[PDB]
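Notes for the one structure printed next.
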Amino acid sequence: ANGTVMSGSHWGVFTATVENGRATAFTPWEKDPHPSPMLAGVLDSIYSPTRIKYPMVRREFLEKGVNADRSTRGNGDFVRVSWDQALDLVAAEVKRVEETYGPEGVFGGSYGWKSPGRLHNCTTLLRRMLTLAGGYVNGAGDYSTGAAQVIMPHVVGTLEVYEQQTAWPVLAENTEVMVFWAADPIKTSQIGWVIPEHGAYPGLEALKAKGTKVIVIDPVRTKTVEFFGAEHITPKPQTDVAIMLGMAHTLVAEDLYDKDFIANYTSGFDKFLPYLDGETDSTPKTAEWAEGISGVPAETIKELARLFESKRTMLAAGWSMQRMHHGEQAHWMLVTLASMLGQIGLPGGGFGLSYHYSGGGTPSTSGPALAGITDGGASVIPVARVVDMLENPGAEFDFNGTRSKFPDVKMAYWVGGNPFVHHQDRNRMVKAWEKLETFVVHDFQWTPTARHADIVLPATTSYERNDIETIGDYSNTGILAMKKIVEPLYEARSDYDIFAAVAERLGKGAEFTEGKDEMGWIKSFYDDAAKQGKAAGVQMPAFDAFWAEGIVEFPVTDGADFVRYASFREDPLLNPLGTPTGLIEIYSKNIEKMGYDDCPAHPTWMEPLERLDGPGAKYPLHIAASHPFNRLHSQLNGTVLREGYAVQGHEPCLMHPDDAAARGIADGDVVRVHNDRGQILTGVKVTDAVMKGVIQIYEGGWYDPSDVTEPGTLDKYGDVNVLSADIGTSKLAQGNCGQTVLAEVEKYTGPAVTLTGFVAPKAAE
Ligand SMILES: NC1=NC(=O)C2=N[C@H]3C(S)=C(S)[C@@H](COP(=O)(O)OP(=O)(O)OC[C@H]4O[C@@H](n5cnc6c(=O)[nH]c(N)nc65)[C@H](O)[C@@H]4O)O[C@H]3NC2=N1
Ligand SMILES: NC1=NC(=O)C2=N[C@H]3C(S)=C(S)[C@@H](COP(=O)(O)OP(=O)(O)OC[C@H]4O[C@@H](n5cnc6c(=O)[nH]c(N)nc65)[C@H](O)[C@@H]4O)O[C@H]3NC2=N1
Ligand SMILES: [Mo+6]
């Protein structure tokens with residue numbers, strides 16, 4: 001095979017060059033306006049040293065099963081087995097747990113970003129097999145907008161975080177002031193959940209070309225700041241709600257806010273105002289009070305409030321500030337401030353929670369929806385409570401107004417996810433995993449999660465199979481044929497093939513496949529989309545002509561004029577919101593009735609577990625544990641891209657020159673970052689891009705424990721979740737709080753370390 005083949009991924013559409021059956025280059029689609037340099041690593045992930053070659057069973061589990069010593073999971077002592085042996089064992093273990101403990105004994109939430117593709121949807125496929133086996137405990141929500149997706153339905157009556165934004169071209173013609181509040185769109189627009197079109201890049205360029213005023217509110221001087229030469233505000237992390245309250249307070253005290261908008265489109269501002277004015281707690285939430293907490297000068301807070309009230313302003317917020325203790329307060333207070341400014345539903349004004357994610361704002365086409373394989377259908381937990389569940393079987397927990405009991409789980413099955421990187425408080429989690437009798441993982445790269453499994457099955461990538469998928473989570477630019485580029489490597493198999501074999505052994509083979517093969521499933525999804533298109537007046541070709549061209553693109557009709565909340569603004573009685581009042585709920589009677597101490601019935605400033613310069617806080621530096629520039633989470637850490645950012649081989653840590661100098665740390669030194677939960681190594685990069693008092697260690701580094709049998713073992717590489725706490729945002733959402741982290745840093749003076757996470761375990765070589 002010598003030629004080229006087009007396909008797609010979370011990073012975009014591309015064409016691969018193939019030479020004697022090997023992919024040798026991935027070249028960006030010629031219509032991609034701003035491709036990601038991460039494509040190089042996506043191609044490298046098919047072949048790197050951490051590619052999973054064969055099915056493996058952890059030696060202890062292979063010998064003793066349920067009586068295994070579980071304290072050694074992750075030490076790398078695996079045994080290679082055949083596919084028939086491994087498939088029989090997995091089917092036997094699913095059957096035994098289902099039969100002994102019921103569906104409540106199997107956890108199949110398998111949270112994860114996997115790969116796009118309507119057929120090869122590993123996590124849906126997992127749940128299709130588990131439903132056929134008798135059922136499972138699922139997870140609810142995500143780590144992404146854990147709090148925001150739960151509080152928004154109560155405030156604005158919709159999900160809001162994953163819904164279309166006022167279109168980019170509408171902003172270029174009407175916005176005078178664009179605010180990126182805890183958002184770094186240049187960084188986070190490189191990927192999509194479905195294939196990305198990178199629509200934010202022309203949208204950002206158009207704002208810059210129009211000369212629109214841009215303000216960034218973030219502890220780090222990011223590439224979004226640099227792109228625009230933006231006015232940059234640097235709040236101490238976790239204090240954005242105080243800043244917003246000081247802005248709101250200024251708008252009332254100077255008599256500037258939109259009283260008519262508040263009276264006509266909102267409910268409960270009259271119960272929020274006494275709090276804001278300090279009538280209930282003797283503490284007026286003034287700009288000065290906000291400076292005391294956040295460090296942002298009081299006069300700067302008042303001038304921004306003034307500026308925002310006097311100009312058509314769009315508040316484009318990102319999600320780091322809701323991935324923290326009391327995370328629900330951030331976007332609730334943001335909507336409350338935007339309601340006082342009175343521009344919601346006006347062209348170019350209001351707020352948007354998705355301008356930094358998967359092309360939100362890219363004009364939607366008139367094309368049809370594309371759907372794929374389905375799963376064939378307490379039993380559900382908030383996703384981030386998985387370790388609490390394992391440690392407290394039968395215990396009660398609160399979630400969004402209802403109380404339930406944790407199921408008693410004995411097996412976990414994970415595919416397309418990396419919990420030994422994404423979950424908070426690694427040391428606690430490692431100990432809690434000993435409650436599981438059996439842990440099964442599918443991946444194509446030797447992540448920490450695969451290293452810690454009892455049974456490891458090698459999955460294929462999307463580049464070794466055929467699939468179909470939309471281009472554009474919001475734009476619906478078109479539909480792509482994700483064509484097979486190379487044959488499956490080593491003994492890797494698709495998740496579909498693996499679960500069909502397991503289901504077959506359970507006597508449910510035919511039900512799992514539904515009588516179809518790979519192209520029979522794909523053609524069925526295509527034809528359904530084509531039927532809907534024909535009925536909508538969007539004619540598409542027949543499946544074989546579509547597949548030969550490789551893509552179908554759809555036309556934009558009125559999508560470039562979309563203004564979010566315009567129909568509500570234009571007539572709120574005719575087009576009410578989905579809340580109990582039909583209005584924006586600044587005070588929520590439904591939340592009040594829950595009686596949750598950590599989620600009051602209006603936006604409130606509350607002390608988090610720990611914050612930079614908080615009264616009595618133990619550790620001195622905040623860790624901006626944010627999304628990586630050159631990975632998708634942990635994805636691509638085991639590729640050639642790593643050498644472009646590693647420092648002495650470790651994950652990098654940005655540190656301000658003043659904080660480095662106080663510890664005698666030089667640029668490029670190996671340093672230990674530690675607190676009461678754990679300790680890791682990173683390689684420092686000294687730079688004033690991070691504000692003083694803050695260090696930046698991205699999430700996604702592959703945890704590489706020095707000795708898994710040692711409690712509190714040093715991580716040799718730099719997984720920042722060895723340092724996070726595992727607590728819920730509050731009882732409302734129970735979201736993860738992965739960015740509520742303080743720690744100390746010192747030049748490292750312990751034993752030298754050898755990195756073992758970027759080569760396969762010896763027996764799997
Ligand atoms: N401290 C902290 N700060 C944060 O900001 C933070 N972010 C959180 C958020 S928002 C999220 S969304 C999570 C993400 O955590 P998530 O577990 O989703 O991270 P990924 O590195 O995308 O894991 C995806 C895995 O799927 C594998 N994979 C891809 N395709 C396939 C396939 O077809 N088959 C199989 N079997 N495997 C496949 C990949 O190789 C990869 O190992 O991390 C969360 N964790 C976080 N912690
Ligand atoms: N390149 C890339 N890699 C990814 O892993 C990736 N993940 C995707 C996912 S699953 C999601 S959920 C989104 C994440 O989108 P999200 O907006 O949650 O991204 P983060 O990088 O966690 O934070 C964005 C900015 O918040 C700033 N920040 C941190 N703490 C604070 C604070 O207290 N206050 C303020 N004002 N700013 C703060 C950080 O400095 C960072 O620049 O990105 C998506 N896009 C992604 N792109
Ligand atoms: Mo996310």
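To be explicit about the labels: the chains of the structure tokens are called A, B, and onward in the order shown, and within each one the residues are counted from 1, while ligands get numbers from 1 in the order they are shown.
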
9 Å contact set for range 304-314 of chain A, only C-alpha atoms, chain neighbours under 3 positions out, as an mmCIF file with N, CA, C and O atoms, in the first residue's frame:
```cif
data_model
loop_
_atom_site.group_PDB
_atom_site.id
_atom_site.type_symbol
_atom_site.label_atom_id
_atom_site.label_comp_id
_atom_site.auth_asym_id
_atom_site.auth_seq_id
_atom_site.Cartn_x
_atom_site.Cartn_y
_atom_site.Cartn_z
ATOM 1 N N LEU A 171 -20.550 38.751 16.334
ATOM 2 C CA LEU A 171 -19.665 39.446 17.277
ATOM 3 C C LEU A 171 -18.783 40.483 16.549
ATOM 4 O O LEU A 171 -18.665 41.599 17.071
ATOM 5 N N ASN A 174 -20.847 43.668 15.983
ATOM 6 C CA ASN A 174 -21.576 44.338 17.049
ATOM 7 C C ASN A 174 -20.841 44.425 18.364
ATOM 8 O O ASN A 174 -21.139 45.381 19.080
ATOM 9 N N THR A 175 -19.932 43.542 18.728
ATOM 10 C CA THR A 175 -19.220 43.594 20.006
ATOM 11 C C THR A 175 -18.186 44.703 20.059
ATOM 12 O O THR A 175 -17.434 44.849 19.099
ATOM 13 N N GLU A 176 -18.122 45.493 21.079
ATOM 14 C CA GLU A 176 -17.167 46.573 21.248
ATOM 15 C C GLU A 176 -16.109 46.123 22.247
ATOM 16 O O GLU A 176 -14.977 46.507 22.180
ATOM 17 N N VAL A 177 -16.530 45.261 23.195
ATOM 18 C CA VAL A 177 -15.629 44.708 24.195
ATOM 19 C C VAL A 177 -15.851 43.217 24.400
ATOM 20 O O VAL A 177 -16.947 42.720 24.673
ATOM 21 N N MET A 178 -14.803 42.433 24.164
ATOM 22 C CA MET A 178 -14.855 40.969 24.224
ATOM 23 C C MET A 178 -14.060 40.518 25.454
ATOM 24 O O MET A 178 -12.847 40.755 25.505
ATOM 25 N N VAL A 179 -14.666 39.813 26.381
ATOM 26 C CA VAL A 179 -13.965 39.381 27.592
ATOM 27 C C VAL A 179 -13.738 37.868 27.652
ATOM 28 O O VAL A 179 -14.720 37.125 27.663
ATOM 29 N N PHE A 180 -12.482 37.421 27.765
ATOM 30 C CA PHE A 180 -12.236 35.978 27.907
ATOM 31 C C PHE A 180 -12.010 35.729 29.406
ATOM 32 O O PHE A 180 -10.964 36.118 29.917
ATOM 33 N N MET A 244 -16.458 39.504 40.523
ATOM 34 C CA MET A 244 -17.797 39.759 39.949
ATOM 35 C C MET A 244 -18.729 40.481 40.934
ATOM 36 O O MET A 244 -19.486 41.369 40.523
ATOM 37 N N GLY A 246 -17.803 42.490 43.426
ATOM 38 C CA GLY A 246 -17.331 43.894 43.521
ATOM 39 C C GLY A 246 -17.753 44.713 42.285
ATOM 40 O O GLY A 246 -18.059 45.909 42.462
ATOM 41 N N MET A 247 -17.772 44.107 41.087
ATOM 42 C CA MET A 247 -18.294 44.761 39.897
ATOM 43 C C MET A 247 -19.797 45.035 40.056
ATOM 44 O O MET A 247 -20.231 46.173 39.797
ATOM 45 N N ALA A 248 -20.567 44.058 40.496
ATOM 46 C CA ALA A 248 -22.009 44.197 40.695
ATOM 47 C C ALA A 248 -22.330 45.290 41.721
ATOM 48 O O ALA A 248 -23.250 46.104 41.545
ATOM 49 N N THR A 250 -20.412 47.873 42.443
ATOM 50 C CA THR A 250 -20.152 49.187 41.859
ATOM 51 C C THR A 250 -21.313 49.702 41.001
ATOM 52 O O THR A 250 -21.666 50.900 40.994
ATOM 53 N N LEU A 251 -21.909 48.810 40.209
ATOM 54 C CA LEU A 251 -23.013 49.090 39.322
ATOM 55 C C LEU A 251 -24.246 49.538 40.131
ATOM 56 O O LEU A 251 -24.948 50.419 39.616
ATOM 57 N N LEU A 256 -25.822 52.555 37.949
ATOM 58 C CA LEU A 256 -25.622 52.342 36.542
ATOM 59 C C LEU A 256 -26.337 51.134 35.950
ATOM 60 O O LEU A 256 -26.519 51.115 34.734
ATOM 61 N N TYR A 257 -26.580 50.087 36.739
ATOM 62 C CA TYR A 257 -27.128 48.851 36.193
ATOM 63 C C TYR A 257 -28.514 48.999 35.563
ATOM 64 O O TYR A 257 -29.276 49.945 35.811
ATOM 65 N N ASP A 258 -28.793 48.017 34.691
ATOM 66 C CA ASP A 258 -30.049 47.984 33.951
ATOM 67 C C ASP A 258 -31.201 47.475 34.798
ATOM 68 O O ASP A 258 -31.571 46.291 34.831
ATOM 69 N N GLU A 299 -9.872 50.045 42.017
ATOM 70 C CA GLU A 299 -10.190 50.991 40.959
ATOM 71 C C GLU A 299 -10.268 50.277 39.617
ATOM 72 O O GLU A 299 -11.042 50.682 38.751
ATOM 73 N N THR A 300 -9.437 49.261 39.414
ATOM 74 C CA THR A 300 -9.511 48.471 38.171
ATOM 75 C C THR A 300 -10.842 47.723 38.098
ATOM 76 O O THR A 300 -11.495 47.720 37.051
ATOM 77 N N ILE A 301 -11.287 47.137 39.217
ATOM 78 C CA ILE A 301 -12.580 46.445 39.246
ATOM 79 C C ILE A 301 -13.686 47.433 38.906
ATOM 80 O O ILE A 301 -14.616 47.089 38.162
ATOM 81 N N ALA A 338 -24.070 39.543 34.056
ATOM 82 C CA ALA A 338 -24.520 39.850 32.698
ATOM 83 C C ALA A 338 -25.989 40.346 32.726
ATOM 84 O O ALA A 338 -26.267 41.214 31.890
ATOM 85 N N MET A 340 -27.380 42.149 35.148
ATOM 86 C CA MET A 340 -27.277 43.555 35.572
ATOM 87 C C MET A 340 -26.771 44.463 34.461
ATOM 88 O O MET A 340 -27.172 45.642 34.405
ATOM 89 N N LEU A 341 -25.951 43.953 33.519
ATOM 90 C CA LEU A 341 -25.462 44.768 32.412
ATOM 91 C C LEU A 341 -26.570 44.970 31.368
ATOM 92 O O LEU A 341 -26.541 45.916 30.606
ATOM 93 N N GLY A 342 -27.520 44.034 31.365
ATOM 94 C CA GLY A 342 -28.737 44.147 30.574
ATOM 95 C C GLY A 342 -28.603 43.868 29.087
ATOM 96 O O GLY A 342 -29.549 44.197 28.366
ATOM 97 N N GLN A 343 -27.529 43.210 28.633
ATOM 98 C CA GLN A 343 -27.362 42.981 27.200
ATOM 99 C C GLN A 343 -27.619 41.570 26.736
ATOM 100 O O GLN A 343 -27.367 41.207 25.570
ATOM 101 N N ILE A 344 -28.123 40.681 27.587
ATOM 102 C CA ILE A 344 -28.435 39.306 27.117
ATOM 103 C C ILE A 344 -29.448 39.325 25.977
ATOM 104 O O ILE A 344 -30.531 39.912 26.101
ATOM 105 N N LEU A 346 -29.044 40.628 22.869
ATOM 106 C CA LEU A 346 -28.697 41.680 21.937
ATOM 107 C C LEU A 346 -27.507 41.219 21.082
ATOM 108 O O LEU A 346 -26.638 40.469 21.563
ATOM 109 N N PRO A 347 -27.493 41.529 19.796
ATOM 110 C CA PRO A 347 -26.396 41.157 18.914
ATOM 111 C C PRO A 347 -25.053 41.571 19.527
ATOM 112 O O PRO A 347 -24.861 42.724 19.903
ATOM 113 N N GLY A 348 -24.136 40.615 19.712
ATOM 114 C CA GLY A 348 -22.842 40.947 20.264
ATOM 115 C C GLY A 348 -22.774 41.114 21.767
ATOM 116 O O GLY A 348 -21.633 41.327 22.248
ATOM 117 N N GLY A 349 -23.859 41.012 22.525
ATOM 118 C CA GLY A 349 -23.753 41.243 23.975
ATOM 119 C C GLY A 349 -24.180 40.002 24.777
ATOM 120 O O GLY A 349 -24.657 39.047 24.170
ATOM 121 N N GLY A 350 -23.982 40.038 26.079
ATOM 122 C CA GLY A 350 -24.468 38.957 26.939
ATOM 123 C C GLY A 350 -23.320 38.061 27.402
ATOM 124 O O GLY A 350 -22.318 38.573 27.877
ATOM 125 N N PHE A 351 -23.481 36.738 27.345
ATOM 126 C CA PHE A 351 -22.423 35.852 27.793
ATOM 127 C C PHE A 351 -22.416 34.635 26.857
ATOM 128 O O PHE A 351 -23.319 34.451 26.066
ATOM 129 N N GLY A 352 -21.350 33.839 26.930
ATOM 130 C CA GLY A 352 -21.237 32.613 26.156
ATOM 131 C C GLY A 352 -20.324 31.648 26.908
ATOM 132 O O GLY A 352 -19.251 32.062 27.338
#
```

>> Could you list, as a PyMOL selection string, all residues that come within 7 Å of ligand 1? Count only C-alpha atoms and all ligand atoms.
In response: chain A and resi 111-115+120-122+142-145+320+323+415-419+421-424+442-445+447+459-462+495+625-627+632-635+699-700+720-721+724+738-739

> Which residues come within 12 Å of residue 487 in chain A, counting only C-alpha atoms, excluding same-chain residues fewer than 2 positions away, as an MDAnalysis selection string?
Replying inline: chainID A and resid 1 18 20:23 46 460:466 483:485 489:494

Residue selection dump (N, CA, C and O atoms) as an mmCIF file, in the first residue's frame:
```
data_model
loop_
_atom_site.group_PDB
_atom_site.id
_atom_site.type_symbol
_atom_site.label_atom_id
_atom_site.label_comp_id
_atom_site.auth_asym_id
_atom_site.auth_seq_id
_atom_site.Cartn_x
_atom_site.Cartn_y
_atom_site.Cartn_z
ATOM 1 N N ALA A 1 0.861 -1.191 0.000
ATOM 2 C CA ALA A 1 0.000 0.000 0.000
ATOM 3 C C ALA A 1 0.897 1.241 0.000
ATOM 4 O O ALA A 1 1.677 1.414 0.937
ATOM 5 N N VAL A 18 0.754 6.944 2.747
ATOM 6 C CA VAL A 18 1.080 5.573 3.118
ATOM 7 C C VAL A 18 2.134 5.029 2.137
ATOM 8 O O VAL A 18 1.972 5.205 0.923
ATOM 9 N N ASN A 20 4.440 1.498 1.633
ATOM 10 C CA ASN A 20 4.612 0.076 1.927
ATOM 11 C C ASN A 20 3.920 -0.365 3.216
ATOM 12 O O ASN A 20 4.413 -1.003 4.149
ATOM 13 N N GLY A 21 2.627 -0.081 3.313
ATOM 14 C CA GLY A 21 1.737 -0.330 4.397
ATOM 15 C C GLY A 21 1.953 0.462 5.679
ATOM 16 O O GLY A 21 1.279 0.111 6.671
ATOM 17 N N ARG A 22 2.794 1.474 5.737
ATOM 18 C CA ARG A 22 3.053 2.262 6.925
ATOM 19 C C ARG A 22 2.619 3.713 6.724
ATOM 20 O O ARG A 22 3.012 4.258 5.682
ATOM 21 N N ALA A 23 1.930 4.312 7.714
ATOM 22 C CA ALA A 23 1.571 5.721 7.519
ATOM 23 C C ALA A 23 2.830 6.539 7.768
ATOM 24 O O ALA A 23 3.448 6.322 8.812
ATOM 25 N N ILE A 46 0.316 5.648 16.734
ATOM 26 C CA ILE A 46 0.051 4.332 16.126
ATOM 27 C C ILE A 46 1.237 3.414 16.368
ATOM 28 O O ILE A 46 1.126 2.210 16.549
ATOM 29 N N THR A 460 -7.388 -1.035 18.700
ATOM 30 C CA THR A 460 -6.806 -0.403 17.515
ATOM 31 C C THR A 460 -7.117 1.110 17.646
ATOM 32 O O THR A 460 -7.969 1.532 18.449
ATOM 33 N N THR A 461 -6.418 1.898 16.826
ATOM 34 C CA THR A 461 -6.755 3.324 16.760
ATOM 35 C C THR A 461 -7.860 3.455 15.701
ATOM 36 O O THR A 461 -8.166 2.493 14.957
ATOM 37 N N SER A 462 -8.343 4.685 15.462
ATOM 38 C CA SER A 462 -9.287 4.888 14.361
ATOM 39 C C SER A 462 -8.576 4.687 13.011
ATOM 40 O O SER A 462 -9.279 4.527 12.010
ATOM 41 N N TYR A 463 -7.236 4.800 12.941
ATOM 42 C CA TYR A 463 -6.516 4.774 11.667
ATOM 43 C C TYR A 463 -6.421 3.391 11.078
ATOM 44 O O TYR A 463 -6.028 3.219 9.896
ATOM 45 N N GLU A 464 -6.802 2.377 11.840
ATOM 46 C CA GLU A 464 -6.796 0.981 11.436
ATOM 47 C C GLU A 464 -8.197 0.412 11.223
ATOM 48 O O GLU A 464 -8.391 -0.805 11.267
ATOM 49 N N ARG A 465 -9.219 1.240 10.988
ATOM 50 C CA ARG A 465 -10.580 0.773 10.748
ATOM 51 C C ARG A 465 -11.342 1.869 10.000
ATOM 52 O O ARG A 465 -10.724 2.885 9.693
ATOM 53 N N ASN A 466 -12.556 1.603 9.552
ATOM 54 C CA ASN A 466 -13.431 2.540 8.913
ATOM 55 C C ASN A 466 -14.519 3.045 9.877
ATOM 56 O O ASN A 466 -15.109 2.309 10.704
ATOM 57 N N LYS A 483 -11.692 6.941 6.785
ATOM 58 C CA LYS A 483 -11.243 5.700 6.117
ATOM 59 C C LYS A 483 -10.029 5.020 6.737
ATOM 60 O O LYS A 483 -9.100 5.642 7.250
ATOM 61 N N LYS A 484 -10.067 3.675 6.607
ATOM 62 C CA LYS A 484 -8.961 2.868 7.119
ATOM 63 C C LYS A 484 -7.678 3.258 6.402
ATOM 64 O O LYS A 484 -7.629 3.336 5.173
ATOM 65 N N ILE A 485 -6.615 3.517 7.142
ATOM 66 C CA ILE A 485 -5.329 3.937 6.574
ATOM 67 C C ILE A 485 -4.336 2.791 6.565
ATOM 68 O O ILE A 485 -3.555 2.624 5.624
ATOM 69 N N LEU A 489 -2.296 -3.064 13.863
ATOM 70 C CA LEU A 489 -0.928 -3.406 14.215
ATOM 71 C C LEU A 489 -0.853 -4.568 15.215
ATOM 72 O O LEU A 489 -1.729 -4.740 16.062
ATOM 73 N N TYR A 490 0.232 -5.323 15.169
ATOM 74 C CA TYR A 490 0.472 -6.429 16.110
ATOM 75 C C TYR A 490 -0.787 -7.229 16.328
ATOM 76 O O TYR A 490 -1.474 -7.535 15.359
ATOM 77 N N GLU A 491 -1.190 -7.532 17.573
ATOM 78 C CA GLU A 491 -2.451 -8.257 17.785
ATOM 79 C C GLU A 491 -3.615 -7.357 18.195
ATOM 80 O O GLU A 491 -4.614 -7.790 18.770
ATOM 81 N N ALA A 492 -3.529 -6.047 17.897
ATOM 82 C CA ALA A 492 -4.592 -5.129 18.302
ATOM 83 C C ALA A 492 -5.875 -5.413 17.577
ATOM 84 O O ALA A 492 -5.932 -5.860 16.406
ATOM 85 N N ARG A 493 -7.012 -5.184 18.242
ATOM 86 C CA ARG A 493 -8.340 -5.395 17.687
ATOM 87 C C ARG A 493 -9.260 -4.227 18.033
ATOM 88 O O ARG A 493 -9.110 -3.587 19.064
ATOM 89 N N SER A 494 -10.284 -4.014 17.198
ATOM 90 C CA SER A 494 -11.198 -2.897 17.505
ATOM 91 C C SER A 494 -11.971 -3.202 18.776
ATOM 92 O O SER A 494 -12.273 -4.377 19.042
#
```

Can you pull out the residues contacting range 101-108 of chain A? Cut-off 8 Å, using only C-alpha atoms, and skip same-chain residues under 4 positions away; I want them as an mmCIF file with N, CA and C atoms, in the first residue's frame.
```
data_model
loop_
_atom_site.group_PDB
_atom_site.id
_atom_site.type_symbol
_atom_site.label_atom_id
_atom_site.label_comp_id
_atom_site.auth_asym_id
_atom_site.auth_seq_id
_atom_site.Cartn_x
_atom_site.Cartn_y
_atom_site.Cartn_z
ATOM 1 N N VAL A 97 -19.234 -11.890 38.173
ATOM 2 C CA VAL A 97 -19.644 -10.718 38.972
ATOM 3 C C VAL A 97 -21.142 -10.472 38.827
ATOM 4 N N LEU A 126 -19.034 -0.619 25.087
ATOM 5 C CA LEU A 126 -18.880 -1.269 26.393
ATOM 6 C C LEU A 126 -20.238 -1.450 27.047
ATOM 7 N N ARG A 127 -21.013 -0.383 27.154
ATOM 8 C CA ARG A 127 -22.333 -0.407 27.752
ATOM 9 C C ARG A 127 -23.311 -1.277 26.957
ATOM 10 N N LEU A 130 -22.388 -4.710 28.330
ATOM 11 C CA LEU A 130 -22.787 -4.842 29.719
ATOM 12 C C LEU A 130 -24.299 -4.938 29.907
ATOM 13 N N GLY A 134 -26.523 -8.246 31.681
ATOM 14 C CA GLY A 134 -27.284 -8.143 32.937
ATOM 15 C C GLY A 134 -27.316 -6.720 33.507
ATOM 16 N N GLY A 135 -26.544 -5.779 32.982
ATOM 17 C CA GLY A 135 -26.626 -4.405 33.497
ATOM 18 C C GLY A 135 -25.375 -3.925 34.231
ATOM 19 N N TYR A 136 -25.397 -2.645 34.681
ATOM 20 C CA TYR A 136 -24.182 -2.072 35.253
ATOM 21 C C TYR A 136 -24.508 -0.769 35.965
ATOM 22 N N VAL A 137 -23.554 -0.250 36.714
ATOM 23 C CA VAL A 137 -23.681 1.042 37.364
ATOM 24 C C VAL A 137 -23.062 2.019 36.347
ATOM 25 N N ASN A 138 -23.786 3.074 36.026
ATOM 26 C CA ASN A 138 -23.214 4.061 35.073
ATOM 27 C C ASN A 138 -22.726 5.315 35.783
ATOM 28 N N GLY A 139 -22.067 6.249 35.094
ATOM 29 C CA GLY A 139 -21.722 7.544 35.685
ATOM 30 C C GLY A 139 -22.561 8.671 35.072
ATOM 31 N N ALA A 378 -27.820 2.756 44.056
ATOM 32 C CA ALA A 378 -28.149 3.532 42.858
ATOM 33 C C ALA A 378 -27.479 2.920 41.620
ATOM 34 N N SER A 379 -28.124 3.111 40.478
ATOM 35 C CA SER A 379 -27.594 2.622 39.210
ATOM 36 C C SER A 379 -26.724 3.652 38.516
ATOM 37 N N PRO A 407 -23.760 2.017 45.220
ATOM 38 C CA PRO A 407 -23.800 0.585 45.001
ATOM 39 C C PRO A 407 -22.513 -0.069 45.480
ATOM 40 N N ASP A 408 -22.495 -1.386 45.700
ATOM 41 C CA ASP A 408 -21.301 -2.080 46.180
ATOM 42 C C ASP A 408 -20.653 -2.785 44.993
ATOM 43 N N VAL A 409 -19.714 -2.132 44.344
ATOM 44 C CA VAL A 409 -19.076 -2.506 43.110
ATOM 45 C C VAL A 409 -17.879 -3.405 43.323
ATOM 46 N N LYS A 410 -17.706 -4.446 42.532
ATOM 47 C CA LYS A 410 -16.592 -5.378 42.646
ATOM 48 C C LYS A 410 -15.741 -5.428 41.383
ATOM 49 N N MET A 411 -16.323 -4.952 40.282
ATOM 50 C CA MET A 411 -15.590 -4.944 39.028
ATOM 51 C C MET A 411 -15.593 -3.609 38.327
ATOM 52 N N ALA A 412 -14.463 -3.191 37.735
ATOM 53 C CA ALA A 412 -14.590 -1.955 36.927
ATOM 54 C C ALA A 412 -14.075 -2.304 35.508
ATOM 55 N N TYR A 413 -14.731 -1.769 34.487
ATOM 56 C CA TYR A 413 -14.323 -2.078 33.105
ATOM 57 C C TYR A 413 -14.119 -0.704 32.426
ATOM 58 N N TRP A 414 -12.912 -0.350 32.034
ATOM 59 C CA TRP A 414 -12.711 0.988 31.444
ATOM 60 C C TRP A 414 -12.171 0.905 30.038
#
```

>> What residues of the protein or nucleic acid chains come within 7 Å of ligand 2 when you use only C-alpha atoms and all ligand atoms? Reply as an MDAnalysis selection string.
In response: chainID A and resid 143:145 181:184 187:191 217:220 222 235:240 318:321 356:357 624:633 739

>> Calculated over only C-alpha atoms and all ligand atoms, which of the candidates A:161, A:16, A:242, A:606 has the smallest distance to ligand 3?
In response: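 Closest to ligand 3 of all the choices is A:161.
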
>> Quick one: residues within 6 Å of residue 680 in chain A, only C-alpha atoms, excluding same-chain residues fewer than 6 positions away - as a ChimeraX atom specification?
In response: /A:672-673,714-715,718

Selected residues written out, C-alpha atoms, as a PDB file, in the first residue's frame:
```pdb
ATOM      1  CA  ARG A 672       9.685  18.389  43.873  1.00  0.00           C
ATOM      2  CA  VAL A 673       6.105  19.758  44.060  1.00  0.00           C
ATOM      3  CA  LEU A 714       7.077   9.848  44.608  1.00  0.00           C
ATOM      4  CA  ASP A 715       5.690  10.186  41.029  1.00  0.00           C
ATOM      5  CA  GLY A 718       4.578  14.770  36.805  1.00  0.00           C
TER       6      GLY A 718
END
```

>> DSSP on the backbone: which residues in range 104-346 of chain A end up as strand (DSSP E)? Give the answer as a VMD selection string.
In response: chain A and resid 106 to 107 138 to 140 177 to 181 213 to 217 231 to 233 266 to 267 313 to 317

> For residue 533 in chain A, which residue out of A:457, A:368, A:435, A:689 is the nearest one, using only C-alpha atoms?
Replying inline: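 Using only C-alpha atoms, the shortest distance to residue 533 in chain A belongs to A:368.
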
> Quick one, how far is CA of residue 439 in chain A from CA of residue 453 in chain A?
Replying inline: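 Between CA of residue 439 in chain A and CA of residue 453 in chain A the gap is 5.4 Å.
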